[PDB]
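Presented below, as structure tokens, is a lone chain in the form deposited in one PDB entry.
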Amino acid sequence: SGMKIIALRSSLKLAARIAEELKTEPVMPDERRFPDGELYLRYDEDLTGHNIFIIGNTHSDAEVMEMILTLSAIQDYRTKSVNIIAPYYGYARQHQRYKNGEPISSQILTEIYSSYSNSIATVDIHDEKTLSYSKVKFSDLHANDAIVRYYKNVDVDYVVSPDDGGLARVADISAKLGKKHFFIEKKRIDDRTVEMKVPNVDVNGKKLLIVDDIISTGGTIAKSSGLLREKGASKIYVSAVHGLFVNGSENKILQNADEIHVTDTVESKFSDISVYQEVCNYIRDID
């Protein structure tokens, strides 16, 4: 049952929490950039005979290179298995072609990762279609219980999804909190703009928890937050699994919301909700 938890640069915080829970020490590569900007890494730890769990996100160019080179480096050891855990899975928003001649980015990248591993897992992937681009079992873990635990003793009247894709998540979270829920219809206009239709639910004087998978520009949370505030909401909590927080996102959100709490899949000052338990449960099931 020997396991090694590899912590890539993007995921030191979550990887450390996972390793601690599992009573093991995180393995980090010796790593640097050559002068020409190529990536170097090395695993001095003897990975022979162990189930290997590589923890790293896959959205930035550097994250991808670190994952790919890690997948080569560990071939130097006769490992028992190689299991990719990408807490935030990059390119999950480009899961099909929207115009002729576009890449299906999550397809080619998933095919690559699955060619070099025995399993892949992520937390709350943007669209499940991508899971079906993998030749190995690609598991979609869920932050639901961690979010419930954070809000167990927080006063909330409704849990709200900003889109129809998030209906199941919020039905589950509200169920577990003994609260009501509804979802908003969303249409994305461009990288930074969305349009919404909010159902005729009376939220006057009500405390709301909005939950989504990703916060990038904050356009989605900002729009839902603003429209709900217009409707008289008294307090709005915002949570998302993956907090990227680019392009003045924090300000856009807090213009109409009160607090932001995301998980540690992407490490930021808002990472108050750890998904370590969910990832450990998965690891124990494999190891």
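What we label the rigid core is the largest C-alpha set whose atoms superpose within 1.5 Å from one form to the other. Heads up: residue numbers just count along the shown sequence, starting at 1.
> Tell me which stretch, 102 to 110 or 158 to 166, has the higher mean Cα B-factor listed in the entry.
Looking at the recorded C-alpha B-factors, 158 to 166 comes out higher on average.
> So which stretch wins on mean C-alpha B-factor, 216 to 224 or 229 to 237?
Mean C-alpha B-factor is greater for 229 to 237.
> Check where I260 lands among this chain's C-alpha B-factors and tell me if it's the lowest, middle or highest third.
For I260, the deposited C-alpha B-factor lands in the middle third.
> Which third, lowest, middle or highest, does the C-alpha temperature factor of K80 belong to within its own chain?
For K80, whose C-alpha B-factor we compare with every modelled residue in the chain, the answer is the middle third.
> Please place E185 in the lowest, middle or highest third of its chain by C-alpha B factor as given in the entry.
Within its chain, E185 is a highest-third residue by C-alpha B-factor, going by the deposited values.
> Per the entry's values, where does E128 land by CA temperature factor relative to the rest of its chain, in the lowest, middle or highest third?
Its C-alpha B-factor belongs to the middle third of this chain's values.
> By the record's CA B-factor, is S115 among the lowest, middle or highest third of residues in the chain?
Middle third - that is where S115 ends up once the chain's C-alpha B-factors are sorted.
The same protein has a further form, the form deposited in another entry, not shown here; the description that follows concerns it.
> Following superposition of the rigid core, which of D191, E102, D127, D76 is the only residue with a C-alpha displacement of 2 Å or more between the shown form and the other one?
The one that shifts is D191.
> I want to verify one pair: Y158 and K197. Are their C-alpha atoms nearer or more distant in the other form compared with the form I supplied, knowing the change is 3 Å or more?
Relative to the shown form, the pair is closer.
> Between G178 and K197, does the Cα distance in the other form come out closer or farther than in this form, changing by 3 Å or more?
Result: closer.
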